[PDB]
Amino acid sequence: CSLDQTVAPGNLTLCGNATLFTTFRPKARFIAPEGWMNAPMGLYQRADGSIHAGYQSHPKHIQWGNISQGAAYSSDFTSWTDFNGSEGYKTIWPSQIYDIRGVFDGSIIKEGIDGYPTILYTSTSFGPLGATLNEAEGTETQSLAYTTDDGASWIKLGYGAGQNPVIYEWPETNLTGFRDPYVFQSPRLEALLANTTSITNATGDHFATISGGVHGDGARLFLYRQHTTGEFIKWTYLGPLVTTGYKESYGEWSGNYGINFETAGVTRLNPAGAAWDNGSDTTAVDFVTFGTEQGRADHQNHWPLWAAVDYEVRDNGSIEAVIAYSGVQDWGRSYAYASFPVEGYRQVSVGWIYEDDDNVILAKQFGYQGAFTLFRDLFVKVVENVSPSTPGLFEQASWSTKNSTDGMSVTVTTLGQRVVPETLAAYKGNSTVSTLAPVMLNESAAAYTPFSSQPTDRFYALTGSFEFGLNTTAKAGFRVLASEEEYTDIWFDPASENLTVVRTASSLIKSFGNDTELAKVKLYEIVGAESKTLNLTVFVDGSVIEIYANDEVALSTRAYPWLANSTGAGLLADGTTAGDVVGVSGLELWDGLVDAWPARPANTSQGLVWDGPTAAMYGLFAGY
């Protein structure tokens, strides 16, 4: 195994375990110390203002199994410190008959058992488990644990009647899934249900959704309400909150609802961030975020979606969330988005970016799999003075429109997402910042124009505002992780409304994915404007490429160039002419970002292990 990155890669499958640990590894984001990670979980702001982040974790392995909560904390979403206890960085693990098959996703009751932060999580036991299998009741249940030391450790309630698991009865038969309890307070839902509490007897101040579906009949989000305030054992099933059809799609801008939901959450937002009103704020909108499975031919059959909803109260004292419009939270290789409340009326969302090595060819050589996305503030994005001639505006696909009184302008509303400002400030302050001169891409533009200042490594950010003619057929964007022989091209094509990431040349290593990523982006044209603008921001972090457009569209992907000099960046131009000009301004490069794990050495591998021949006998985990 040669690690010479000045020549073509050899047969890297001959390399030992974790020999490629640092080669492609993100440095500026949340990632486990080593091994397998997937979904964020147990997210909460602690009493001291710091953020506790959990994650689905399988240390010393590179496939899923014995799934546990790994955890860490941060005062700024950006620089993190691992917990370190008797199980290393794990804080909850399989240990009881009810959760021995895995401690799945869970969420936080901030004032729970004996006043302590309390997690409600999916406790899994034996049996077929999956949306395409014949799962039975008991295999997935919901259980409680609480922490007396701010997340350093958790104490589970005892196993038994009136204790764990606390939710085990399936609310409907033939479920495709029954997991990922999302606990939340909602003045909105309390106000809506206040006249029906005699029907259900559920009067608690916490609600919980559980994600699943029904075999042959689409996904379901099930709503529960805490039966009594200050008591956490009894949760009353109200009814289905979200019901979608088997592989139903709301359209091209909205992914596909698949057969089963995962990691669903409920929030309420206004233009500033989180909204805690009862319905009285006319600018606030109710949202559900959710993953779907088996409604996609690629991306591990997974869509991370969101929908704006209008709540209706049913006669039996339950809530129907009627979908008003429906979108995509991230168009790339990410899934399992979780959101949580943060001080200052914020709702912050973070997901999991998987690798692009689906045949598991170099996973052992990495010695790890997975990272988080960046942490994102959610809010209601409002665009005023939108021109009615904006193409496709009244499809109202992943947005709503409200006409002005005179019908000559429109107010557009949709889900906004932006990187938390703490991370942007820390990144900028720790980076070498180059402000670049604006450029007109015209007849003289090369296909690729390197920036006047170049990155020094695979840890950087770039931004630019691309101004297009209203009838342009030109394409423009950014090339990143670029040498002569390897590069990744991020294009926007206003005529098709497609943002693409072309990865045919991303790496000389052929075992990594090289399919083109695609997001839809609606450029809302402004009344009186003779152009339309795309604000495009890209974070490059080891192998992660994380793209944001107009504080609305997000696309996370992976590129694994071998060569040490495949770090360059610049502007892309196609079909720009003297008449069809793309103006690029507000150009800036941040080289370096932040070391997100300052206490960790460069190599935190502890080696990899095999579970042995019993892994195949039990049939639960791959075993490596």
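When you see a residue number, it is the position in the sequence shown, counting from 1.
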Which wins on mean Cα temperature factor, 445 to 453 or 262 to 270?
445 to 453
Using only C-alpha atoms and the B-factors in the entry, which stretch averages higher, 387 to 395 or 70 to 78?
387 to 395
Quiz for you: based on the deposited Cα B-factor, which of 295, 177, 158, 332 is highest?
295
Among 370, 344, 106, 212, the highest C-alpha B-factor in the PDB entry belongs to 344
Among all modelled residues of this chain, ranked by Cα B factor, put residue 578 in the bottom, middle or top third, i.e. lowest, middle or highest.
highest
Split into thirds by Cα B-factor across the chain's modelled residues, where does residue 614 land: lowest, middle or highest?
lowest
Compared with the other modelled residues in the chain, in which third is the CA B-factor of residue 488?
middle
Going by the CA temperature factor in the PDB record, which third of the chain does residue 124 belong to: lowest, middle or highest?
lowest
Could you look up the Cα B-factor of residue 469 in the entry and say which third of the chain it sits in: lowest, middle or highest?
highest
